[PDB]
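Comments concern the structure below.
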Amino acid sequence: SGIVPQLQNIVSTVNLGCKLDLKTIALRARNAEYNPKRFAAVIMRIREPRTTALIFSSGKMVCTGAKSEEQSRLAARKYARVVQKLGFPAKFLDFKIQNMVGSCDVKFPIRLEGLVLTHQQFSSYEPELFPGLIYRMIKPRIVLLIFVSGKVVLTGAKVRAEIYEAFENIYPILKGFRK
DNA sequence: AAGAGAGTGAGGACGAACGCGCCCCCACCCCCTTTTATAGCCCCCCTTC
């Protein structure tokens, strides 16, 4: 096809294996913000990997914003080490990528009206609710946002191969509906 | 041969039962938050005349 999706967001969850005191972490952590009224977790952000991590008192943490699997793990390790430096016995257990988000352009306009008619069983096109077309890929469990401008967003993938496979499947379909 | 007490028929007030709710407590789910690209829609605020 000549176009490879670019991972825009990587969401991974890891378990530190230790109950945490959210109030203590916020008071000591450099970039952590805690608001039990708003959310029950602790939001911490770092610059070099450019990721945001939510820390829960149960010891489980969710890292988001990473643009690659390697960055996500490194960012998650940095958050885990920071909590460890605060006096907790934080570890790195069962690190897993929960969701991957990719974006790409087909370099041509797409007729969403024709696409949904031919793929009604997978396409839900409601301009009132959202201008983009929501395509739910089946063989890969991937949900794709196809837009008239040609931009395509892939989400719900657990591994990078799923993103590339999903885009490969959809590209010929989109090519047939070129405007 | 004559008094209180009583049988009977008969009317009037009261307690337990029957509903008939209005309030409550326990599952179940949803929502909160964060990240990201995308495009359209819409709202608040600023500026020009």
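These numbers come from the heavy atoms of this one structure, side chains and all, not from hydrogens, waters or symmetry mates. Below, chains carry the letters A, B, ... as their sequence lines are ordered, and counting in each starts from 1.
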Integer-rounded Å distance: [N] [atom2] and [X] [atom1]:
X: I146(A); N: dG40(B); atom1: CD1; atom2: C1'; answer: 16 Å
X: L129(A); N: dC41(B); atom1: CG; atom2: P; answer: 13 Å
X: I97(A); N: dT35(B); atom1: CD1; atom2: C1'; answer: 14 Å
X: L133(A); N: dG40(B); atom1: CG; atom2: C1'; answer: 14 Å

Sign of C1'-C2'-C3'-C4' decides it: give me the sugar pucker of [N], north or south.
N: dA37(B); value: north
N: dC32(B); value: north
N: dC25(B); value: south

*So which pairs with a foot in residues 60-91 of chain A pass ring pair (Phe, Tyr, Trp, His ring centres under 6.0 Å), sequence neighbours left out?*
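For residues 60-91 of chain A, and leaving out neighbouring residues, there are no ring pair (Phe, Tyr, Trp, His ring centres under 6.0 Å) pairs at all.
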_With side chain to side chain contact (heavy atoms under 4.5 Å, CB included) as the criterion, how do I10(A) and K67(A) come out once you've worked through the C-alpha distance, each side chain's angles and the decisive distance to 0.1 Å?_
CA-CA 6 Å; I10(A) 304 288; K67(A) 304 252 166 179; 5.8 Å; no
*Does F92(A) have any ring-ring contact (aromatic ring centres under 6.0 Å, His included) partners at least two apart in sequence or in another chain, and if so, which?*
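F92(A) satisfies ring-ring contact (aromatic ring centres under 6.0 Å, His included) with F95(A) once adjacent residues are dropped.
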*Can you tell me how far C1' in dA10(B) sits from the matching atom in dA6(B), rounded to whole Å?*
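Comparing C1' positions in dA10(B) and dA6(B) gives a spacing of 16 Å.
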*Give the ring-plane orientation class for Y135(A) versus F122(A), where under 30° counts as parallel, over 60° as perpendicular and anything between as tilted.*
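The arrangement is tilted - the two ring planes meet at 30° to 60°.
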*side chain to side chain contact (heavy atoms under 4.5 Å, CB included) between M44(A) and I55(A), intermediate numbers included*: CA-CA 8 Å; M44(A) 194 191 302; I55(A) 296 149; 3.7 Å; yes
*In chain order, what residues pass the side-chain hydrogen bond (donor to acceptor under 3.5 Å, both in side chains) check against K78(A), with sequence neighbours excluded?*
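So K78(A) forms a side-chain hydrogen bond (donor to acceptor under 3.5 Å, both in side chains) with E48(A).
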Listing time: all N or O pairs from protein to nucleotides 27-34 of chain B that are below 3.5 Å?
from, atom 1, to, atom 2, distance (Å)
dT34(B), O3', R45(A), NH1, 3.4

_Pairs involving residues 170-179 of chain A, ordered by first then second residue, that meet side chain to side chain donor-acceptor pair (under 3.5 Å) (sequence neighbours left out)_ =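 Those involving residues 170-179 of chain A do not exist here.
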*Please answer whether the main-chain N or O of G156(A) pairs with a side-chain N or O of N99(A) as donor and acceptor at a distance below 3.5 Å.*
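Such a contact is found between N99(A) side chain and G156(A) backbone.
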*Between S72(A) and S12(A), is any side-chain donor less than 3.5 angstrom from a side-chain acceptor?*
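There is such a pair between these side chains.
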Pick out the pairs of N or O atoms, protein on one side and nucleotides 37-39 of chain B on the other, that lie under 3.5 Å.
from, atom 1, to, atom 2, distance (Å)
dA39(B), OP1, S149(A), OG, 2.6
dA39(B), OP1, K151(A), NZ, 3.3

